[PDB]
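What follows is a single structure, written as structure tokens, with notes after it.
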Amino acid sequence: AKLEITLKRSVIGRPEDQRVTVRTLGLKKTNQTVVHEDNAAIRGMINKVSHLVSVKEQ
RNA sequence: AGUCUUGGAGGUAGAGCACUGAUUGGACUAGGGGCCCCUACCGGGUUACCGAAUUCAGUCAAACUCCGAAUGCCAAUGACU
């Protein structure tokens, strides 16, 4: 299915490894709501971070 | 470029004491002197006077490895952004 991905959190103050992964999700600023499909590829990014992001299912 | 995917290369942290060294303690002991006895340093007895090896347990390492993670790196492979 689909799921929404937002930010509670800014990227400034976080390492370089977790910085570009935010860029690849389409997320640039804070509070930028972005929807994608429930796939294990994007789930692996969330499982890698899970703490800049408040996840949102449907 | 990132994530997931399978595939490795590699010998730290850890852990182990099998190699390397270090080192505890007991049993045991070649052998060694010593109380010295009998006495050509020659015949043999003796102790906790030591003791190599010996095995039993016991620790220890930046330059000890039979072992060995997380990650990080080169990948192929598709998928997504």
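Some observations on this one:
- Summing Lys and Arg as +1 and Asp and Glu as -1 over all other residues whose Cβ lies under 13 Å from the Cβ of A:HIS51 gives a net charge of +4.
- Charge tally around A:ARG23: other residues with Cβ under 15 Å, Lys/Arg +1 each, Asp/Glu -1 each, net +4.
- The angle separating the long axis of helix A:40-49 from the principal Cα axis of greatest extent in chain A is about 40 degrees.
- Restricting attention to chain A, the count of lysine pairs at 8 or more positions apart or across chains with alpha carbons under 15 Å apart stands at 4.
- Remark: the Cα gyration tensor places the range A:15-58 in the oblate category, a/c being 1.5 or greater and a/b not exceeding b/c.
Virtual Cβ from ideal backbone geometry, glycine too; neighbours counted across all protein chains shown. Each reported figure results from applying straightforward, stated rules to the coordinates on display, with no laboratory input.
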